[PDB]
């Protein structure tokens, strides 16, 4: 939104860059931060941990009723069966979308998100606009912002992650996918379908 008091994006970026490099130089001198530590953290979340991991969990649940039961009973333990878990996903609770219920997740207080299965959150999830409105007008938000119309008769359950429990949505399996392989089904699972702002890809 327009703010006549705000500097340009260029000036803001220039100021932040200088402040960060300054802080970085100090933490480096103190011996608590190194260039390799920075590169390793970046490498993990740019190439190793991402929504493709959550997609693996989703497709296993879609094709294995027993695993699905274990997943809904204890998300952390179930995901561990696939070697998935860790930082900011120590406690996971998966919620299943059905014909009568639709789930959507948010961290109204900051930006909490299940990193082990979805990687780092997109910027909109962390911003005030989505966070403020989803707990108050979820139906209108889903339709207006994501083009996803949820029938007024269908209940919308908004999960606000106020604790370390991380909520993840298990989207419904799209129709016309009978007998598909786990690999084929994975192409339909999006990061958005696991947040609840969109259903899994149709067709």
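Positions refer to the first chain, counted from 1.
Per the PDB record, of the two stretches 84-92 and 97-105, 97-105 carries the greater mean B-factor over its C-alpha atoms.
For the pair 145-153 and 60-68, the record assigns the higher mean C-alpha temperature factor to 145-153. Note on 12, 189, 18, 195: the highest value goes to 189, judged by CA B factor as recorded. Residue 78: CA B factor in the middle third of modelled residues in this chain (values from the PDB entry). Ranked within its chain, residue 164 lands in the lowest third, by CA B factor from the PDB record. Remark: residue 5 belongs to the lowest third of its chain, ranked by C-alpha B-factor as recorded.
Per the deposited record, the Cα B-factor of residue 158 falls in the lowest third when ranked against the other modelled residues of its chain. In this PDB entry, residue 37 carries a Cα temperature factor that places it within the middle third of its chain's modelled residues.
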